[PDB]
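Heads up, what comes next is one protein chain in two forms, each shown on its own as structure tokens, labelled structure 1 and structure 2.
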Structure 1
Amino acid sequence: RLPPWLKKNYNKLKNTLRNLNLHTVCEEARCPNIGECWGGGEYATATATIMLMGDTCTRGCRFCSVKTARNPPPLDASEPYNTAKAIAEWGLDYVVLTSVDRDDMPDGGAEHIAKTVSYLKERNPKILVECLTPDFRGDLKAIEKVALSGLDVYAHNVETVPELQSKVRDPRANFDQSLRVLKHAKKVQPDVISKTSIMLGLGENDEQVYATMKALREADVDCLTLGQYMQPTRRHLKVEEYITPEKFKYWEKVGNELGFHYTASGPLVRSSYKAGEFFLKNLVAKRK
């Protein structure tokens, strides 16, 4: 039994979404945060997450419930237009575009991701766009394609501390490669906001978490999120422990002192959790 800290705007977003051919990770993961992200924050912003390039990943990360197969179906060439259209009609404030990894594609899908960003920004430049990208196996030209697509925030996850990369992630991912992605995004587009996420509860200790946060700062990562690893099914990695609410508040203070522009830290925090609210409050510093 999970610890208890892991248990108008929303209905307006839900009713509008019912008519549009758009499908989210928010509902198709049964995310416990949909009440918060979908309009229930301080600024009442709407954030949601859409996953491009199919529902089958070429990788098999043991923390992740996305289905895996060696030869996923080909890309839906209509998805960039259909997605960007459906987002603009849904009326979102901040959208997180993410995707499965497509190691079967030479550019890992970067052109597909970039086309979606570009379509959306032309329809409505008022929408903030974050892309949570694959590592593209370190392909600098693929990273460059997305970084130049006009997005506001370039995100890519390290997921865990360097010592646990081989346990937690598919062998095609690693810590230095992920840092190279974030560094190259900033090199190609210096005014982009860079962002990464770490899960706690997988066996890391405090010394490794601090060292990781320090290294992320040296790589000029602007924003950080920390949340609890929650085991999707009994076949996935076992939870080593549930981090306390007060310990997550400790890490937020540590991230502030290290100079992250925001450190979103809490048991239910995910990469996309209230991403629009964190952007508005800490980067835009909007007065309500």
Structure 2
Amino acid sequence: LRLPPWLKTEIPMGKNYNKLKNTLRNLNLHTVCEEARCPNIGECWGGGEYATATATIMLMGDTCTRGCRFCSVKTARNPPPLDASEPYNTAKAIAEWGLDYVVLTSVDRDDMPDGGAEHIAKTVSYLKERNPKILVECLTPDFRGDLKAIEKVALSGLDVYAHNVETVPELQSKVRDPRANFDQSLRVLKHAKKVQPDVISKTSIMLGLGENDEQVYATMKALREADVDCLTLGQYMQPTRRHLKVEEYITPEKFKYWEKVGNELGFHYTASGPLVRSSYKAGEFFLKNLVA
């Protein structure tokens, strides 16, 4: 039981924030920020000085078919069916908020035959046909290794394909649902490079789940062997008392250390920090390292 000082946040202020909160409920859309109970809700939904207010619309309802021990998203054996109007409503809300870069994610839908690859592809297609110059990033589930489902999402005009390994291979069984493993997540990023050679790969790992420095170095080196372009490192924070406890709060100095090691291995940009999540300032990192 430890409580750190550098992981403290603020109660969400509602200057430019209720516009996003009321838009998500007008279209009956969900977001991973509210379900996962992220502390960076105020920073991402409301730019302090000059930060475009962005969000992470979570598709296919607020209930996941999997039960990951680090995630607080609701889990049910059979979630409600797909909403056909979700891909169309998402494209309207994103263009309404004036975003030049958007990130989209969804819960795992193991009950769907394609796992929702067609539903995600229609959300990106409706969003790119409406605004061709907008940048889209998809935080895609593993689809249980369905190479056809991964191909359908990667060929939807996607700019950055994102799928997280979450933690080191030695902690896949304790942290993630058994339907997801380390080698499976790498085959999601590898196949996205084969089907779409000009795509940008991106993944996110979490620290504080019992991993050591030796295990983290081998994971990043294996990701570079998978030709993964981008990497994200962040401190795992306990969502609820029912979930996993934090094992070790990584110091901000060591968080900066892995940023240099990522630059050594050749990662196009390594975003590391205690509060750094997968989509945390993802558009700001795109403008600083992925142009030229």
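The first residue in the sequence of structure 1 is number 1, and each one after it adds one. Just so we're on the same page, rigid core means the largest C-alpha set that superposes within 1.5 Å between forms. Residues that one form lacks are left out of the comparison.
Have a look at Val239, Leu52, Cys31, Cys61 and give me the residue whose C-alpha moves 2 Å or more between structures 1 and 2, with the fit done on the rigid core. It is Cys31; the other listed residues stay below 2 Å.
Can we say the CA of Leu268 moves by at least 2 Å between structures 1 and 2 when the core is superposed? Shift of 2 Å or more: no.
Taking the rigid core as the frame, does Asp220 move its C-alpha by 2 Å or more between structures 1 and 2? No.
After core superposition, I'd like to know whether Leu13 moves between structures 1 and 2 (criterion: C-alpha shift of 2 angstroms or more). Yes, its C-alpha moves 2 Å or more.
In Å, how far apart are the CA positions of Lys126 between structures 1 and 2 with the rigid core superposed? Shift of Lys126 at C-alpha, rigid core superposed: 1.7 Å.
Would you look up how far the C-alpha of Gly40 moves between structures 1 and 2 when the rigid core is overlaid, in angstrom? After core superposition, the C-alpha of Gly40 moves 4.3 Å between structures 1 and 2.
Report the shifted segments between structures 1 and 2, defined as three or more consecutive common residues with all CA displacements of at least 2 angstroms relative to the rigid core fit. Only one moving run appears between structures 1 and 2, namely 8-48.
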